[PDB]
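Notes to accompany the following structure.
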Amino acid sequence: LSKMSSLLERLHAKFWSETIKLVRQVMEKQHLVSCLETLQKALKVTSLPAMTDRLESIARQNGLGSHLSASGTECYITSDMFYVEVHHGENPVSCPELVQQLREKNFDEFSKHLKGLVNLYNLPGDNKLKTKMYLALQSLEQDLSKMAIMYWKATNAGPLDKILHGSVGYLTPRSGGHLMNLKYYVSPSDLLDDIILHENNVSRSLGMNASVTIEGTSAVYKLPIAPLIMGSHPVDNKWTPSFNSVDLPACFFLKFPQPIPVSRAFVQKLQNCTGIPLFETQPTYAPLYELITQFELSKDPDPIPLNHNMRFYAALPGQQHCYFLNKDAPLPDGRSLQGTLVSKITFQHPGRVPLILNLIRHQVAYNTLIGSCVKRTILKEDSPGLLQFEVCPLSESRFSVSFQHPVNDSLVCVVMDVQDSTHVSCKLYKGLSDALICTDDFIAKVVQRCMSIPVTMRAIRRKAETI
Amino acid sequence: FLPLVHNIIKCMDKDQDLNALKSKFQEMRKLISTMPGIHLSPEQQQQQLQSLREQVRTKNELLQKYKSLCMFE
Amino acid sequence: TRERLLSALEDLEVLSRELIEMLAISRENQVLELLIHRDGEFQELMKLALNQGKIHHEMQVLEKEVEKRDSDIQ
Amino acid sequence: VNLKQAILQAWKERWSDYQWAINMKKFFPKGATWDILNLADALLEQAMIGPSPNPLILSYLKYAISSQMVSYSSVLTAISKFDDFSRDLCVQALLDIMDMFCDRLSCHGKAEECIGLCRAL
């Protein structure tokens, strides 16, 4: 449309040397040109100074200072982040991640790495403390490394045990802009794909993660600037006490990529274990089952909201299931299970990080058991089957799945309590005059092998119907 | 094509007429690469190729028929 | 296809000149993006042109075989 | 058909207590004051199976007391037949149900119902 009048004014131009002479006279006499350049870096052909130009464009894009010394060597330069492609330290590592991205045509991941390296050193201090602040992170990282190695000294456990029940976790050290990732949990479903063997080339995203970092806060805290574990209790870790240290206006963080919904009693348990307040302002509490459903539905997004009204449907092989997750059922205190989304847990010194993680592992395990109901499969109002189930919270870390007896007509309620990360105990609750359905250890076996409600309910139904 | 326009923009950020006339001469080279010898739509090229394939097939089949056929014994 | 090639040529020519000239008189992202589209489509048509050149060489060999079989028939 | 099946259908499709009352009327043409059919017994059995009572069937029983569907005598007998006593939550629920009708405890019927209220007390 506008191109038609553009071609008409172009026909008027046919009816430019004077324009070049005008540009020359102005030469004898900003943002737009560089913006067009940064759009057009996509269309540059592969060549050595052109790739230097596109890397300079990445530098201008993420706010960093480019400097070439040749067509080979180009430096990205800011107050501490200084590295080349061919402050206060060497250029440490020829890291294969950045080189592997740049040897291919993967410049956006290079941009993400420079974004992460900006967000590491964007701390508010006058730059001197910044160095010391980064040093504190280094000390923390070293301590964290030792603890995982201490666990590897303790038992020669596989990576799965290192994830599920060990100290720290599967620990990927930092490399470029990617900060240090602890994998504290991987579910029995998310372990499997479409039956994964878990050998030490395990994926970064294969589970639930938490990245450790430093961040400037509004308060002042005392953090170590030295590797705090010089002496190690041979099966534990043991920390020499503080001061060294200095009172940086910052704190360590465990940032989760996807915010975890946690209950109120979790908030008090973690503020007891840490000592530092978690929610600086008090947030707006919500029922946990809303947040669990928003978490599980916002895993795989679609533009249509499900409009569930807490009545989820499950299409299974030899069965069809319905679930009522039943928020606002009252606890013994008289209130529903109220929780909020946590994303950043602040700790001061690294000895807290196993205990903290055990708490989060507990919480994440509980969410997976309530995560298995939240599905998008709509087998709406099918007259065959639709075994109508209910989930209610009797307490923190306990819940109950209530459902019709497969033989008789009284209710049967299976109460599940999540003791630890991989241990969930189960009790069948039955009328005094009913049929034998299952033993509790069978329910514990199916739960710990699958970590999903509907699979265990089908196991209950099938082992009832064989008898 | 377009990286020369990029160099003209880079020269404008630096400051010229030379690369502009080189772009004009490049469009003259574009005329020389419009010379080749193809003018029909590619559908018409496909029609011509299929018709000529059928022609060579039927002519070879006729000549093979008269290779094999003797009117006399 | 020559008409579409040449229209893309002259359009690219004088509209890129317009973009250069408005840069020069300033010291227009939409017509920029359309120039990007015209450049890509022109390069695609040049690839189709080289393919049709291969097709025409095949056609020349094929019509030589046509004339040889015609001479055998006659 | 049975009272257990009607209460259990009332649990399956979520019925509010008044819709439960209407559909309970519709399932059974003879009311039989609902105490011949032992409404309080079936509601207490299928409410007190878990460690904690499901609030749906307790809401059904609290409506069936506050509205005068079920006499106090049948409720007090069905409360008396529970024991177990290892679960404090079910016992607290039974004491709230007793907190509803106690101090009121007024039969308005035949004298045999009043004798039944005496034995139930």
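Chain labels follow the order of the structure tokens: the first chain is A, the next B, and so on; residue numbering restarts at 1 in every chain, and ligands are counted from 1 in their shown order.
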Next item on the list: Determine, counting only C-alpha atoms, which protein, DNA and RNA residues have an atom within 10 Å of an atom of stretch 31-43 of chain C; residues of the same chain fewer than 2 positions away are not included. Present the result as a list in words.
Entry: residues 2, 3, 6, 36, 39, 40 and 43 of chain A; 1 and 2 of chain B; 4, 5, 6, 7, 8, 9, 11, 12, 13, 15, 16, 18, 19, 28, 29, 45, 46, 47, 48 and 49 of chain C
Save the residues we just selected, N, CA, C and O atoms, as a short mmCIF file (atom, residue, chain, number, x, y, z; two decimals), in the first residue's frame?
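Written file, result.cif:
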data_model
loop_
_atom_site.label_atom_id
_atom_site.label_comp_id
_atom_site.auth_asym_id
_atom_site.auth_seq_id
_atom_site.Cartn_x
_atom_site.Cartn_y
_atom_site.Cartn_z
N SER A 2 1.68 1.41 1.05
CA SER A 2 2.64 2.51 1.08
C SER A 2 3.74 2.31 0.05
O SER A 2 4.36 3.27 -0.42
N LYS A 3 4.00 1.05 -0.32
CA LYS A 3 5.02 0.75 -1.32
C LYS A 3 4.60 1.23 -2.70
O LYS A 3 5.45 1.50 -3.55
N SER A 6 5.47 4.72 -2.71
CA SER A 6 6.93 4.71 -2.73
C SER A 6 7.47 4.49 -4.14
O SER A 6 8.41 5.16 -4.57
N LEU A 36 19.19 -0.09 11.71
CA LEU A 36 19.05 -0.81 10.45
C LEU A 36 20.16 -1.84 10.28
O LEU A 36 19.91 -2.95 9.82
N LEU A 39 19.28 -4.84 12.45
CA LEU A 39 18.30 -5.69 11.76
C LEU A 39 18.96 -6.48 10.65
O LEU A 39 18.71 -7.69 10.50
N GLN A 40 19.83 -5.81 9.88
CA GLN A 40 20.46 -6.44 8.70
C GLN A 40 21.63 -7.36 9.05
O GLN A 40 22.18 -7.96 8.10
N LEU A 43 21.28 -10.74 7.57
CA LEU A 43 21.40 -11.00 6.15
C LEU A 43 22.84 -10.96 5.69
O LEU A 43 23.12 -11.14 4.50
N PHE B 1 24.03 -8.12 -2.93
CA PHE B 1 23.37 -6.85 -3.20
C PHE B 1 23.38 -5.93 -1.99
O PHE B 1 24.06 -4.91 -1.97
N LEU B 2 22.60 -6.33 -1.00
CA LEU B 2 22.38 -5.51 0.19
C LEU B 2 23.61 -5.18 1.04
O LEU B 2 23.61 -4.10 1.66
N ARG C 4 9.12 -10.46 -14.27
CA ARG C 4 9.09 -10.42 -12.81
C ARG C 4 10.47 -10.13 -12.25
O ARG C 4 10.61 -9.35 -11.30
N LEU C 5 11.50 -10.72 -12.87
CA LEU C 5 12.88 -10.43 -12.52
C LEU C 5 13.21 -8.96 -12.70
O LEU C 5 13.74 -8.33 -11.79
N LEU C 6 12.85 -8.39 -13.85
CA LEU C 6 13.23 -7.01 -14.16
C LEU C 6 12.43 -6.02 -13.32
O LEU C 6 12.94 -4.96 -12.95
N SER C 7 11.17 -6.35 -13.01
CA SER C 7 10.38 -5.51 -12.13
C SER C 7 10.95 -5.51 -10.72
O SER C 7 11.07 -4.44 -10.10
N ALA C 8 11.35 -6.69 -10.23
CA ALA C 8 12.03 -6.77 -8.94
C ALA C 8 13.35 -6.01 -8.98
O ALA C 8 13.71 -5.35 -7.99
N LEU C 9 14.06 -6.06 -10.11
CA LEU C 9 15.33 -5.32 -10.27
C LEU C 9 15.10 -3.82 -10.11
O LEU C 9 15.68 -3.23 -9.19
N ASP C 11 12.52 -2.05 -9.13
CA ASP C 11 11.91 -1.72 -7.85
C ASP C 11 12.96 -1.67 -6.74
O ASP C 11 13.05 -0.67 -6.02
N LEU C 12 13.77 -2.74 -6.63
CA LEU C 12 14.89 -2.78 -5.69
C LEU C 12 15.83 -1.60 -5.87
O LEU C 12 16.20 -0.94 -4.89
N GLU C 13 16.14 -1.28 -7.13
CA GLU C 13 17.07 -0.21 -7.48
C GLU C 13 16.63 1.12 -6.91
O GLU C 13 17.28 1.68 -6.01
N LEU C 15 13.99 2.06 -5.15
CA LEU C 15 13.52 2.17 -3.77
C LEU C 15 14.66 2.07 -2.76
O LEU C 15 14.63 2.73 -1.71
N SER C 16 15.71 1.30 -3.07
CA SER C 16 16.91 1.33 -2.25
C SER C 16 17.60 2.68 -2.34
O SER C 16 18.16 3.17 -1.36
N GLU C 18 15.96 5.44 -2.74
CA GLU C 18 15.15 6.30 -1.88
C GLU C 18 15.53 6.16 -0.41
O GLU C 18 15.60 7.15 0.32
N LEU C 19 15.76 4.92 0.04
CA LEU C 19 16.19 4.69 1.42
C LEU C 19 17.53 5.35 1.72
O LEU C 19 17.69 6.03 2.75
N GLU C 28 12.81 5.21 8.81
CA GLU C 28 11.88 4.63 7.84
C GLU C 28 11.98 3.11 7.82
O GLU C 28 12.41 2.50 6.84
N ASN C 29 11.56 2.50 8.92
CA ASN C 29 11.82 1.08 9.13
C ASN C 29 10.89 0.21 8.29
O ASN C 29 11.24 -0.94 7.98
N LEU C 45 14.22 -15.71 -6.85
CA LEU C 45 13.95 -15.74 -8.28
C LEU C 45 15.23 -15.97 -9.08
O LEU C 45 15.18 -16.59 -10.15
N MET C 46 16.37 -15.50 -8.59
CA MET C 46 17.63 -15.77 -9.28
C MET C 46 17.99 -17.25 -9.19
O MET C 46 18.53 -17.84 -10.14
N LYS C 47 17.68 -17.89 -8.05
CA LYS C 47 17.88 -19.33 -7.92
C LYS C 47 16.97 -20.10 -8.88
O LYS C 47 17.41 -21.06 -9.54
N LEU C 48 15.71 -19.67 -8.98
CA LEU C 48 14.79 -20.28 -9.95
C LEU C 48 15.25 -20.05 -11.38
O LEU C 48 15.03 -20.90 -12.26
N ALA C 49 15.92 -18.92 -11.63
CA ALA C 49 16.45 -18.64 -12.95
C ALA C 49 17.58 -19.59 -13.31
O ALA C 49 17.67 -20.07 -14.45
#
Note to self: I'd like the contact shell of residue B:55 - 12 Å cut-off, only C-alpha atoms, skipping same-chain residues fewer than 6 positions apart - returned as a list in words.
What the structure shows: residues 48, 49, 61 and 62 of chain B; 62, 63, 65, 66, 67, 69 and 70 of chain C
Next item on the list: Using only C-alpha atoms, find which residues of chain B lie within 7 Å of chain C and jot them down as a count of residues only.
Entry: 8
Notebook entry, point to check: residue A:88: which residues within 10 Å, counting only C-alpha atoms, same-chain residues fewer than 3 positions away excluded, as a VMD selection string?
Noted result: chain A and resid 79 to 82 91 131
For the selection you just gave me, I'd like the residues written to a file as a PDB file, in the first residue's frame, keeping C-alpha atoms.
ATOM      1  CA  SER A  79      34.046  -3.348  34.520  1.00  0.00           C
ATOM      2  CA  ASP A  80      34.706  -7.012  35.380  1.00  0.00           C
ATOM      3  CA  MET A  81      33.351  -9.041  32.443  1.00  0.00           C
ATOM      4  CA  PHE A  82      36.250  -9.168  30.013  1.00  0.00           C
ATOM      5  CA  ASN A  91      40.682 -15.288  31.176  1.00  0.00           C
ATOM      6  CA  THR A 131      34.771  -7.579  43.037  1.00  0.00           C
TER       7      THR A 131
END
Next item on the list: State, in Å with one decimal place, the distance from atom CA of residue A:87 to atom CA of residue A:213.
Entry: 19.2 Å
Margin query: Excluding stretch 3-13 of chain B and its own-chain neighbours fewer than 5 positions away, which residues fall within 7 Å of it when counting only C-alpha atoms? Please give them as a PyMOL selection string.
Written below: (chain A and resi 33+44) or (chain B and resi 19)
Notebook entry, point to check: Leaving out residue A:376 and any residue of its chain fewer than 4 positions from it, which residues lie within 9 Å of it when counting only C-alpha atoms, given as a ChimeraX atom specification?
Noted result: /A:297,306,308,312-314
With a distance threshold of 7 Å and counting only C-alpha atoms, extract the residues of chain A near chain D and express them as a compact mmCIF listing (two decimals) with N, CA, C and O atoms, in the first residue's frame.
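Contents of part-v2.txt, freshly written:
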# COMPACT_ATOMS: atom_id res chain seq x y z
N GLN A 388 -15.62 -41.19 39.73
CA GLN A 388 -15.55 -39.83 40.24
C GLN A 388 -14.78 -39.81 41.54
O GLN A 388 -15.19 -40.46 42.51
N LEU A 394 -6.14 -33.28 54.40
CA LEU A 394 -6.42 -33.44 55.82
C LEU A 394 -5.45 -32.63 56.66
O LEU A 394 -5.81 -32.15 57.74
N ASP A 409 -20.69 -50.48 47.84
CA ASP A 409 -21.12 -49.12 47.58
C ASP A 409 -20.65 -48.08 48.60
O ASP A 409 -20.91 -46.90 48.40
N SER A 410 -19.98 -48.48 49.67
CA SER A 410 -19.51 -47.47 50.60
C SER A 410 -18.30 -46.76 50.03
O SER A 410 -17.67 -47.23 49.08
N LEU A 411 -17.98 -45.59 50.59
CA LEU A 411 -16.78 -44.89 50.18
C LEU A 411 -15.55 -45.64 50.65
O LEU A 411 -15.60 -46.45 51.57
N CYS A 413 -11.43 -44.40 51.28
CA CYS A 413 -10.54 -43.24 51.27
C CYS A 413 -9.11 -43.69 51.50
O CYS A 413 -8.80 -44.29 52.52
N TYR A 429 -8.63 -46.80 53.88
CA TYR A 429 -9.66 -46.63 54.89
C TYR A 429 -10.97 -47.10 54.29
O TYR A 429 -11.37 -46.65 53.21
N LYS A 430 -11.62 -47.99 55.01
CA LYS A 430 -12.63 -48.87 54.47
C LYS A 430 -13.72 -49.05 55.50
O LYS A 430 -13.46 -48.98 56.71
N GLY A 431 -14.94 -49.28 55.04
CA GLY A 431 -15.99 -49.70 55.94
C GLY A 431 -15.70 -51.07 56.52
O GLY A 431 -14.96 -51.87 55.95
